[PDB]
Amino acid sequence: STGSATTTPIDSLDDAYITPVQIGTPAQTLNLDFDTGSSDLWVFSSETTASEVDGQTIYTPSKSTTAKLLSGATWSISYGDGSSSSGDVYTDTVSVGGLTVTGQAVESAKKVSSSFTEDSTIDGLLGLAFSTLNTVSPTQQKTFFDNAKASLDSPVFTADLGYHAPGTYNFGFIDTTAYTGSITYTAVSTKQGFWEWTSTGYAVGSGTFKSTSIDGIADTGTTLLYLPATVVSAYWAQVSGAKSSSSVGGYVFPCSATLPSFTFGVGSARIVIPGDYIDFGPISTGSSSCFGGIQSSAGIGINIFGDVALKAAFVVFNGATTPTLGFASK
Ligand SMILES: O=C([C@@H]1CCCNC1)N1CCCCC1
Ligand SMILES: O=C([C@H]1CCCNC1)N1CCCCC1
(Lines of atoms letter the chains of each structure in order from A and count residues from 1; the text may use other names and numbers.)
(Lines give C-alpha, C1' and ligand atoms only; values in the text may rest on other atoms or scores of the structure.)
(Ligands and ions follow the chains in the order given, each with its own letter.)
Protein backbone atom coordinates (compact mmCIF):
# COMPACT_ATOMS: atom_id res chain seq x y z
CA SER A 1 0.00 0.00 0.00
CA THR A 2 0.88 3.68 -0.23
CA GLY A 3 -0.60 7.00 0.81
CA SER A 4 -0.16 10.57 -0.43
CA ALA A 5 -1.54 13.71 1.19
CA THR A 6 -1.07 17.41 0.64
CA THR A 7 0.24 19.49 3.52
CA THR A 8 -0.60 23.20 3.68
CA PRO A 9 0.94 26.06 5.65
CA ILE A 10 -1.36 27.42 8.38
CA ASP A 11 -0.41 31.04 7.74
CA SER A 12 1.69 33.38 5.59
CA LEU A 13 4.89 32.62 7.55
CA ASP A 14 4.77 28.82 7.28
CA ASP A 15 4.53 28.65 11.10
CA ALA A 16 3.28 25.07 10.76
CA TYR A 17 1.69 22.76 8.23
CA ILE A 18 -1.61 20.88 8.37
CA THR A 19 -2.56 17.66 6.63
CA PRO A 20 -6.10 16.25 6.40
CA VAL A 21 -6.59 12.95 8.22
CA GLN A 22 -9.70 10.75 8.16
CA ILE A 23 -10.66 9.26 11.55
CA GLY A 24 -13.51 6.87 12.28
CA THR A 25 -16.55 5.55 10.47
CA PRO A 26 -18.09 7.48 8.79
CA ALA A 27 -14.93 9.50 8.32
CA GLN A 28 -14.31 12.58 10.41
CA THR A 29 -11.68 14.71 8.73
CA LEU A 30 -9.35 16.64 11.01
CA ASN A 31 -6.39 18.78 9.98
CA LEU A 32 -3.35 17.50 11.89
CA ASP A 33 0.19 18.78 12.36
CA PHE A 34 2.48 15.94 11.19
CA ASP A 35 5.33 15.97 13.68
CA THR A 36 8.48 13.90 13.12
CA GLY A 37 9.64 15.14 16.56
CA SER A 38 6.96 13.39 18.64
CA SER A 39 5.07 10.10 18.71
CA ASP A 40 1.50 10.77 19.83
CA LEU A 41 -1.49 11.09 17.52
CA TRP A 42 -3.81 13.32 19.54
CA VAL A 43 -6.89 15.29 18.61
CA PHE A 44 -9.27 17.95 19.79
CA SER A 45 -12.43 16.02 20.65
CA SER A 46 -15.89 15.99 22.17
CA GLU A 47 -14.06 15.42 25.50
CA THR A 48 -11.92 18.55 25.28
CA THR A 49 -12.69 21.16 27.95
CA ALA A 50 -15.11 23.49 26.17
CA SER A 51 -13.34 26.69 27.16
CA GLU A 52 -10.16 25.31 25.55
CA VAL A 53 -11.71 24.81 22.11
CA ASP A 54 -11.79 27.87 19.82
CA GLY A 55 -12.63 26.98 16.24
CA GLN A 56 -10.95 23.57 15.92
CA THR A 57 -12.71 20.61 14.33
CA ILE A 58 -13.27 17.90 16.93
CA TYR A 59 -13.27 14.14 16.82
CA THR A 60 -16.41 12.66 18.36
CA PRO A 61 -15.81 8.98 19.11
CA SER A 62 -19.47 8.32 19.99
CA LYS A 63 -20.31 9.08 16.32
CA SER A 64 -17.80 6.52 15.01
CA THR A 65 -18.97 2.93 14.66
CA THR A 66 -15.35 1.71 14.71
CA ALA A 67 -14.24 3.67 17.81
CA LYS A 68 -13.44 1.72 20.96
CA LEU A 69 -12.30 3.05 24.30
CA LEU A 70 -8.82 1.80 25.12
CA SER A 71 -9.82 1.11 28.69
CA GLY A 72 -7.61 2.59 31.38
CA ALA A 73 -5.20 4.27 28.98
CA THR A 74 -4.22 7.89 29.50
CA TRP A 75 -1.70 10.23 27.91
CA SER A 76 0.06 13.46 28.75
CA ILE A 77 2.65 15.31 26.71
CA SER A 78 4.77 18.42 27.22
CA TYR A 79 6.50 19.90 24.18
CA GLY A 80 9.72 21.90 23.90
CA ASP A 81 7.90 25.19 23.39
CA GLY A 82 6.15 24.80 26.73
CA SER A 83 2.83 23.66 25.27
CA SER A 84 1.00 20.54 26.49
CA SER A 85 -2.08 18.35 26.23
CA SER A 86 -3.51 15.23 27.91
CA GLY A 87 -6.51 12.93 27.92
CA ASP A 88 -7.68 9.38 27.31
CA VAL A 89 -7.47 7.03 24.33
CA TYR A 90 -9.63 5.33 21.70
CA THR A 91 -8.67 2.96 18.94
CA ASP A 92 -10.18 3.72 15.54
CA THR A 93 -9.58 3.57 11.80
CA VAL A 94 -7.26 6.32 10.60
CA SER A 95 -6.50 7.09 6.96
CA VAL A 96 -3.95 9.46 5.47
CA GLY A 97 -3.96 10.13 1.76
CA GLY A 98 -5.62 6.82 0.95
CA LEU A 99 -3.53 4.71 3.37
CA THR A 100 -5.60 3.10 6.12
CA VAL A 101 -4.59 1.78 9.54
CA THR A 102 -7.16 -0.07 11.63
CA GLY A 103 -6.81 -0.09 15.41
CA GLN A 104 -4.76 3.12 15.55
CA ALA A 105 -4.50 4.75 18.96
CA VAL A 106 -6.27 8.11 18.73
CA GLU A 107 -5.50 10.13 21.81
CA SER A 108 -8.48 12.27 22.77
CA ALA A 109 -7.60 15.54 24.48
CA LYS A 110 -9.38 16.43 27.69
CA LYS A 111 -7.05 19.40 28.24
CA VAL A 112 -4.87 21.47 25.93
CA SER A 113 -2.64 24.44 26.71
CA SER A 114 -3.33 27.95 25.52
CA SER A 115 -1.12 27.86 22.42
CA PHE A 116 -3.19 24.96 21.07
CA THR A 117 -6.49 26.70 21.86
CA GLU A 118 -5.24 29.83 20.12
CA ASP A 119 -4.34 28.03 16.92
CA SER A 120 -7.75 27.43 15.35
CA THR A 121 -6.22 25.79 12.28
CA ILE A 122 -4.59 22.82 14.06
CA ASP A 123 -7.00 20.07 15.13
CA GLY A 124 -4.26 17.93 16.68
CA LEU A 125 -0.89 16.29 16.05
CA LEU A 126 0.17 13.13 14.26
CA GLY A 127 3.52 11.99 15.61
CA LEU A 128 6.08 10.40 13.28
CA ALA A 129 9.07 9.99 15.58
CA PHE A 130 9.85 6.57 17.04
CA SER A 131 7.16 4.85 19.09
CA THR A 132 9.46 4.67 22.13
CA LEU A 133 8.47 8.33 22.79
CA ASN A 134 4.73 7.64 22.81
CA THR A 135 3.23 8.82 26.11
CA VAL A 136 0.27 6.45 26.49
CA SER A 137 0.20 4.72 29.86
CA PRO A 138 0.18 1.97 31.02
CA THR A 139 0.44 0.40 27.54
CA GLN A 140 2.61 2.41 25.15
CA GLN A 141 1.09 2.77 21.68
CA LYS A 142 2.52 2.77 18.16
CA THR A 143 2.63 5.65 15.70
CA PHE A 144 0.57 5.67 12.51
CA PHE A 145 3.76 4.99 10.53
CA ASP A 146 4.82 2.06 12.70
CA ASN A 147 1.35 0.54 12.40
CA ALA A 148 1.31 1.06 8.62
CA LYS A 149 4.89 -0.04 7.96
CA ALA A 150 4.48 -3.74 7.24
CA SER A 151 1.71 -3.01 4.73
CA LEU A 152 3.64 -0.32 2.87
CA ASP A 153 5.32 -1.05 -0.46
CA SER A 154 8.55 0.28 1.11
CA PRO A 155 9.01 1.12 4.82
CA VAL A 156 9.42 4.86 4.28
CA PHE A 157 7.67 8.17 4.38
CA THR A 158 8.74 11.42 2.77
CA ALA A 159 8.31 15.07 3.65
CA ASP A 160 8.21 17.61 0.85
CA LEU A 161 7.31 20.89 2.54
CA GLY A 162 6.64 24.04 0.55
CA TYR A 163 7.93 27.56 1.03
CA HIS A 164 4.78 29.68 1.23
CA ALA A 165 3.04 26.88 -0.68
CA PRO A 166 1.50 23.45 -0.22
CA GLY A 167 3.63 20.32 -0.28
CA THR A 168 3.29 16.58 0.24
CA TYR A 169 3.67 13.74 2.69
CA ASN A 170 3.99 10.35 0.99
CA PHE A 171 3.91 6.96 2.68
CA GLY A 172 5.39 3.81 1.23
CA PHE A 173 7.11 5.15 -1.89
CA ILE A 174 9.67 7.68 -3.09
CA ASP A 175 8.34 10.02 -5.82
CA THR A 176 11.32 10.34 -8.14
CA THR A 177 9.65 13.32 -9.87
CA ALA A 178 9.64 15.36 -6.65
CA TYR A 179 13.37 16.10 -6.37
CA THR A 180 16.41 16.96 -8.49
CA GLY A 181 19.73 15.10 -8.59
CA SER A 182 20.22 12.19 -6.20
CA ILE A 183 19.16 11.47 -2.62
CA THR A 184 22.01 11.38 -0.08
CA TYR A 185 21.37 9.06 2.84
CA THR A 186 22.85 9.53 6.28
CA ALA A 187 22.86 7.49 9.50
CA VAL A 188 20.21 7.87 12.18
CA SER A 189 20.42 7.27 15.91
CA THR A 190 17.14 6.27 17.55
CA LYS A 191 18.65 6.41 21.05
CA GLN A 192 16.62 9.50 22.01
CA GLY A 193 13.56 8.44 20.00
CA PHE A 194 14.10 11.04 17.28
CA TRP A 195 15.21 11.06 13.67
CA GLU A 196 18.63 12.13 14.92
CA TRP A 197 21.49 12.53 12.46
CA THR A 198 24.80 14.40 12.03
CA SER A 199 25.18 17.18 9.50
CA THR A 200 28.69 17.52 8.05
CA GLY A 201 28.84 21.31 8.28
CA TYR A 202 27.59 24.64 7.02
CA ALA A 203 28.15 27.75 4.96
CA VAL A 204 26.75 31.27 5.22
CA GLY A 205 25.77 32.87 1.94
CA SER A 206 28.58 32.57 -0.63
CA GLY A 207 31.10 31.81 2.11
CA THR A 208 33.41 28.84 2.41
CA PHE A 209 31.96 25.61 3.79
CA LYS A 210 32.96 24.80 7.36
CA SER A 211 33.39 21.09 7.93
CA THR A 212 32.05 20.32 11.40
CA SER A 213 29.76 17.65 12.84
CA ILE A 214 26.37 18.96 13.94
CA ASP A 215 24.14 16.39 15.61
CA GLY A 216 20.45 17.24 15.41
CA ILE A 217 16.94 16.03 14.69
CA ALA A 218 14.76 16.24 11.60
CA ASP A 219 11.60 17.74 13.10
CA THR A 220 8.71 18.72 10.85
CA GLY A 221 6.83 19.94 13.94
CA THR A 222 9.36 22.66 14.75
CA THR A 223 9.10 25.84 12.70
CA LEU A 224 12.66 27.13 12.80
CA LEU A 225 16.26 25.95 12.45
CA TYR A 226 17.98 25.70 15.85
CA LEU A 227 21.76 25.32 15.75
CA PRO A 228 24.77 25.85 18.04
CA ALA A 229 25.39 29.41 19.16
CA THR A 230 28.69 29.55 17.26
CA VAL A 231 26.99 28.70 13.96
CA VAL A 232 24.06 31.06 14.54
CA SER A 233 26.37 33.95 15.46
CA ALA A 234 28.38 33.41 12.27
CA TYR A 235 25.15 33.57 10.24
CA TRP A 236 23.70 36.72 11.82
CA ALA A 237 27.08 38.50 11.74
CA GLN A 238 26.54 38.74 7.96
CA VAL A 239 23.33 40.77 8.37
CA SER A 240 23.82 44.48 9.16
CA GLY A 241 21.99 45.40 12.35
CA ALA A 242 21.08 41.86 13.40
CA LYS A 243 21.27 41.13 17.11
CA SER A 244 20.08 38.69 19.72
CA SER A 245 17.27 40.19 21.77
CA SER A 246 16.45 38.63 25.15
CA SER A 247 13.21 40.65 25.26
CA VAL A 248 12.00 39.26 21.93
CA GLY A 249 13.50 35.82 22.55
CA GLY A 250 16.07 35.40 19.82
CA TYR A 251 17.83 36.94 16.88
CA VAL A 252 16.10 39.82 15.14
CA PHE A 253 17.18 41.80 12.10
CA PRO A 254 16.17 44.96 10.24
CA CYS A 255 13.16 44.25 8.05
CA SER A 256 15.01 46.22 5.34
CA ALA A 257 17.70 43.52 5.11
CA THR A 258 18.37 41.06 2.33
CA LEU A 259 19.21 37.82 4.12
CA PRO A 260 22.01 35.51 2.99
CA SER A 261 21.36 31.84 2.27
CA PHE A 262 22.43 29.10 4.68
CA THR A 263 23.89 25.79 3.48
CA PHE A 264 24.00 22.59 5.52
CA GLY A 265 25.90 19.43 4.74
CA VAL A 266 24.48 15.94 4.32
CA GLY A 267 27.51 13.74 3.83
CA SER A 268 29.31 15.21 0.83
CA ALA A 269 26.04 16.78 -0.40
CA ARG A 270 24.78 20.30 0.31
CA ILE A 271 21.29 21.67 0.94
CA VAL A 272 20.87 25.42 0.39
CA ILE A 273 18.25 27.31 2.35
CA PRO A 274 17.47 30.57 0.49
CA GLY A 275 17.65 33.75 2.52
CA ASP A 276 13.94 34.39 2.11
CA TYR A 277 13.15 31.16 4.03
CA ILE A 278 14.87 32.66 7.09
CA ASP A 279 12.55 35.71 7.27
CA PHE A 280 9.76 35.32 9.86
CA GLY A 281 8.53 38.87 9.54
CA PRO A 282 7.89 41.72 11.96
CA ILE A 283 8.21 40.84 15.64
CA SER A 284 4.89 42.61 16.18
CA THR A 285 2.44 44.07 13.70
CA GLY A 286 3.98 47.06 11.93
CA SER A 287 7.43 46.70 13.49
CA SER A 288 10.56 47.27 11.43
CA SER A 289 12.34 44.58 13.45
CA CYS A 290 11.96 41.13 11.93
CA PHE A 291 12.37 37.72 13.56
CA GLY A 292 15.04 35.34 12.35
CA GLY A 293 14.43 31.80 11.16
CA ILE A 294 17.80 30.53 12.41
CA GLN A 295 18.08 30.60 16.19
CA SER A 296 20.39 29.24 18.86
CA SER A 297 19.76 25.78 20.27
CA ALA A 298 21.65 26.66 23.44
CA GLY A 299 19.42 25.68 26.35
CA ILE A 300 17.27 23.28 24.29
CA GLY A 301 19.74 20.45 24.66
CA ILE A 302 19.56 19.35 21.02
CA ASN A 303 19.92 20.94 17.58
CA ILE A 304 16.74 20.95 15.51
CA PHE A 305 16.47 20.86 11.74
CA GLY A 306 12.93 22.23 11.68
CA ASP A 307 10.79 23.40 8.79
CA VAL A 308 13.16 26.21 7.74
CA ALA A 309 15.75 23.55 6.87
CA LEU A 310 13.47 20.69 5.83
CA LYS A 311 11.38 22.73 3.37
CA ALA A 312 14.57 23.36 1.35
CA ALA A 313 14.79 19.59 0.67
CA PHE A 314 12.97 16.46 -0.28
CA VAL A 315 13.40 14.35 2.87
CA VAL A 316 13.16 10.57 3.15
CA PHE A 317 12.40 9.06 6.55
CA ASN A 318 13.57 5.48 6.01
CA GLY A 319 12.06 3.17 8.63
CA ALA A 320 13.86 0.04 7.51
CA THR A 321 15.34 -2.19 10.21
CA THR A 322 18.30 0.19 10.38
CA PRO A 323 16.67 3.58 9.91
CA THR A 324 18.28 6.32 7.86
CA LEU A 325 17.47 9.80 6.54
CA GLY A 326 17.77 10.93 2.94
CA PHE A 327 18.01 14.48 1.62
CA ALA A 328 17.74 15.72 -1.95
CA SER A 329 17.55 19.17 -3.45
CA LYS A 330 14.34 20.06 -5.27
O1 LIG B 1 8.88 18.89 21.94
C2 LIG B 1 9.63 18.79 20.99
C3 LIG B 1 9.23 19.26 19.62
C4 LIG B 1 8.23 20.42 19.73
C5 LIG B 1 7.75 20.86 18.36
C6 LIG B 1 7.17 19.70 17.59
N7 LIG B 1 8.18 18.61 17.47
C8 LIG B 1 8.60 18.11 18.81
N9 LIG B 1 10.85 18.24 21.11
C10 LIG B 1 11.84 18.13 20.04
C11 LIG B 1 13.03 18.99 20.37
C12 LIG B 1 13.62 18.61 21.72
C13 LIG B 1 12.56 18.60 22.80
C14 LIG B 1 11.37 17.76 22.40
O1 LIG C 1 9.93 27.23 21.04
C2 LIG C 1 11.01 26.69 21.19
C3 LIG C 1 11.98 27.19 22.23
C4 LIG C 1 12.98 28.14 21.59
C5 LIG C 1 13.21 29.37 22.46
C6 LIG C 1 13.37 28.99 23.90
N7 LIG C 1 12.09 28.43 24.43
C8 LIG C 1 11.21 27.92 23.35
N9 LIG C 1 11.38 25.64 20.44
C10 LIG C 1 10.48 25.13 19.40
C11 LIG C 1 10.09 23.70 19.70
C12 LIG C 1 11.32 22.83 19.83
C13 LIG C 1 12.27 23.40 20.87
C14 LIG C 1 12.61 24.84 20.56
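Sequential numbering from 1, following the chain as shown.
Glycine residues also receive a Cβ, built from the backbone N, Cα and C atoms like all the rest.
Features reported for this protein in Swiss-Prot:
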{"type": "DOMAIN", "residues": "17-328", "note": "domain 'Peptidase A1'"}
{"type": "ACT_SITE", "residues": "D35", "note": "active site"}
{"type": "ACT_SITE", "residues": "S199", "note": "active site"}
{"type": "DISULFID", "residues": "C255-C290", "note": "disulfide bond"}
Contacting recorded positions for ligand 1, chosen from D35, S199, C255, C290 when the Cβ sits under 6 angstroms of any of its atoms: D35
Count of other CB atoms lying within 10 Å of the CB belonging to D35 (active site): 21
Tertiary neighbours of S199 (active site) (same chain, Cβ under 8 Å, six or more apart): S213, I214, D215, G216, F264, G265, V266, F305
Fewest other C-beta atoms within 10 angstroms, as judged across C255, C290, which are the disulfide-bonded residues: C255
Cα-Cα distance linking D35 (active site) and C290 (disulfide bond), given in Å to the nearest integer: 26
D35 (active site): secondary structure state under DSSP, collapsed to three categories: strand
Rounded Cα separation (Å) that holds between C255 (disulfide bond) and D35 (active site): 30
